[PDB]
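**Student:** just the structure for this:
(3 chains)
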Amino acid sequence: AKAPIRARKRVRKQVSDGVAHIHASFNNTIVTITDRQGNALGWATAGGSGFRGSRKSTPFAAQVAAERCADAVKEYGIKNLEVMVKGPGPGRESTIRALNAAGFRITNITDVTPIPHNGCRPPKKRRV
Amino acid sequence: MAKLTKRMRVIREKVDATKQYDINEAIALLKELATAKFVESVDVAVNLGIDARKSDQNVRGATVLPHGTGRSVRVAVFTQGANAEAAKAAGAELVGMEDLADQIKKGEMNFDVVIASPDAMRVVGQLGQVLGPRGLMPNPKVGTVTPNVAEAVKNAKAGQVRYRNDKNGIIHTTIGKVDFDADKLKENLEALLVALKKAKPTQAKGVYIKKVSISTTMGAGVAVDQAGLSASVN
RNA sequence: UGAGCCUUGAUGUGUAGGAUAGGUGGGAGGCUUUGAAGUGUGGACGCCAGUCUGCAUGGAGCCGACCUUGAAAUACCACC
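**Tutor:** Numbering: from 1, shown residues only, chains lettered A, B, ... in the order given. Below is the structure in question.
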């Protein structure tokens, strides 16, 4: 043994593959990478990037949530994603564009918003 | 107690256990596990009941043994303050500090004492180095140094050894040759056991000697029972 | 399932170098079962050229000190 390297030569898992789940919400966007069985490995957000409701709800805040979430899972040795998205928010493709641009390989993008057979009475915003 | 490595293997069919003998059979055995063509210098390894990890609380000093050690009496002195020529004339082969560091690490490695003055010790270990820390060099920290270099070399040419330990229970010191009889060997051991007791630190035990062993140059070690008035194996 | 002391196997922090100077202290080219050296190559270590380690292998053979990384050395023993 020599003295150790200046930047790591090695990484403790190499599971290769996962799913980026995005909840692009009406006030925010939340990005979490999870292993293929849905146990979450790391996450990051719009709102934690110095933004309130009024700015965290934008595709630009969401774009940054994707980068902090790509960094969140770096040690689990994932690089391959597919993508799942829910919620009315605009964090749905600018997020993905910056997700892929933070060193991951996307292959599929699929919606997982639950839609009803009529269902129950909706929540109200602006008394609508 | 013999060790096997890739780097010298001739010992494996000459010794066959990590075992302790009375000294009257240990030196009989050491003559088989001798690996050089020339008759080799022999060492004790003296393991101690000392609990010190601080240099000042470890054993430190030197002594003169009644009989020879097979050592050359080429003697080296690190100095930039003390009497260089009076040291060389007292029977030292080599004197300097920038390139003595190279001179000691060539030809025959059989020094009785490589001395420093405390005038030079800065560049021997701390800011400068002259061999790297290893037993062959005068210790950067403990009293193994004197500004009376011309005395220290005249002691060294008498077949004097050097003893100290640091974080581990080890004083290694040359004690004879492998041709020795066990009384000559025991009598240099008894001379050194006086000299570790006279230069004993407060943090050493009552049962001051843990184990003693005897070891030839290219060849292996085997262990002895002897530590006389301080043996744990009694 | 947590921790130490110690013995041992692996491993060595003063950085780099072709590479692997923990300490302490001694010391140097060696066979009769085996092989290091060194080449090749798996392992380990890591800097990408190598060593450490095992095997193919030499087994009348071979690694230091010159040279070199560096403030400074480097067969190879023993101890912790």
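
**Student:** just give me the longest helix of chain B.
**Tutor:** Using DSSP state H, we find that the single longest helix of chain B is helix B:182-197.

**Student:** give the buried residues for it.
**Tutor:** Neighbour-count burial for helix B:182-197 flags B:182, B:184-193, B:195-196 (criterion: 16 or more other C-beta atoms under 10 Å in any protein chain shown). Every C-beta, even on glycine, is put in place using the N, C-alpha and C of the backbone.

**Student:** next up, phi/psi of residue 122, please.
**Tutor:** Using chain A. When read as degrees, to the nearest 10, the backbone of residue A:122 gives phi -70, psi 160.

**Student:** my bad, chain B
**Tutor:** Phi and psi for residue B:122, reported as degrees, to the nearest 10, are phi -50, psi -50.

**Student:** which residue, other than its chain neighbours, is closest to it?
**Tutor:** Nearest non-adjacent residue to residue B:122, counting by C-beta to C-beta, 6 or more residues apart in numbering or on different chains: residue B:128, 6.5 Å away.

**Student:** phi, psi of that neighbour?
**Tutor:** phi -110, psi 160.

**Student:** just checking, it touches residue B:137?
**Tutor:** No: counting by C-beta atoms under 8 Å, residue B:128 stays clear of residue B:137, with 11.8 Å between them.

**Student:** partner residues bridging the residue nearest the centre of chain A?
**Tutor:** Nearest to the geometric centre of chain A sits residue A:31, at 2.4 Å (C-alpha atoms, centre = their mean). Here residue A:31 sits in beta bridges with residue A:22, residue A:44, going by DSSP bridges.

**Student:** count of residues packed around residue 4?
**Tutor:** Since no chain was named, I'll use chain A. 7 (other C-beta atoms under 10 Å in any protein chain shown).

**Student:** that's the wrong chain, I meant chain B
**Tutor:** Neighbourhood size, residue B:4 [other C-beta under 10 Å]: 11.

**Student:** try residue B:150
**Tutor:** Neighbour number of residue B:150 under other C-beta under 10 Å is 19.

**Student:** you'd agree it is in a helix?
**Tutor:** Yes: assessed with DSSP: H, G, I helix; E, B strand; the rest coil, residue B:150 lies in a helix.

**Student:** for it, what are its contacts?
**Tutor:** Applying C-beta atoms under 8 Å, 6 or more residues apart in numbering or on different chains to residue B:150 gives the contacts B:82, B:83, B:86, B:87, B:89, B:90.

**Student:** which one is the most centrally placed residue in chain B nearest to, not counting chain neighbours?
**Tutor:** Taking C-alpha atoms, centre = their mean, the centroid of chain B lies closest to residue B:173, which sits 2.4 Å from it. For residue B:173, ignoring the flanking residues on the chain, the nearest one in space by C-beta to C-beta, 6+ apart is residue B:161 at 3.9 Å.

**Student:** for the one you found, grab phi and psi.
**Tutor:** The phi/psi pair for residue B:161 (degrees, to the nearest 10) is phi -100, psi 180.

**Student:** OK, contacts around it?
**Tutor:** Residue B:161 touches B:62, B:63, B:65, B:69, B:112, B:113, B:173, B:174, B:175, B:192, counting by C-beta under 8 Å, 6+ apart.

**Student:** so what strands line up beside the helix or strand containing residue B:42?
**Tutor:** Applying DSSP states H and E as the criterion places residue B:42 in strand B:41-50. With DSSP bridges as the test, strand B:41-50 is paired with strand B:171-177 (antiparallel), strand B:204-216 (antiparallel).

**Student:** now these as JSON lines including distance to residue B:94?
**Tutor:** Below are the strands paired with strand B:41-50 laid out as JSON lines (distance: least, C-beta to C-beta, whole Å):
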{"stretch": "strand B:171-177", "distance to residue B:94": "19"}
{"stretch": "strand B:204-216", "distance to residue B:94": "26"}
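
**Student:** among these, which is the most enclosed?
**Tutor:** Of the strands paired with strand B:41-50, the one with the most neighbours on average (mean count of other C-beta atoms under 10 Å in any protein chain shown) is strand B:171-177, at a mean of 23.
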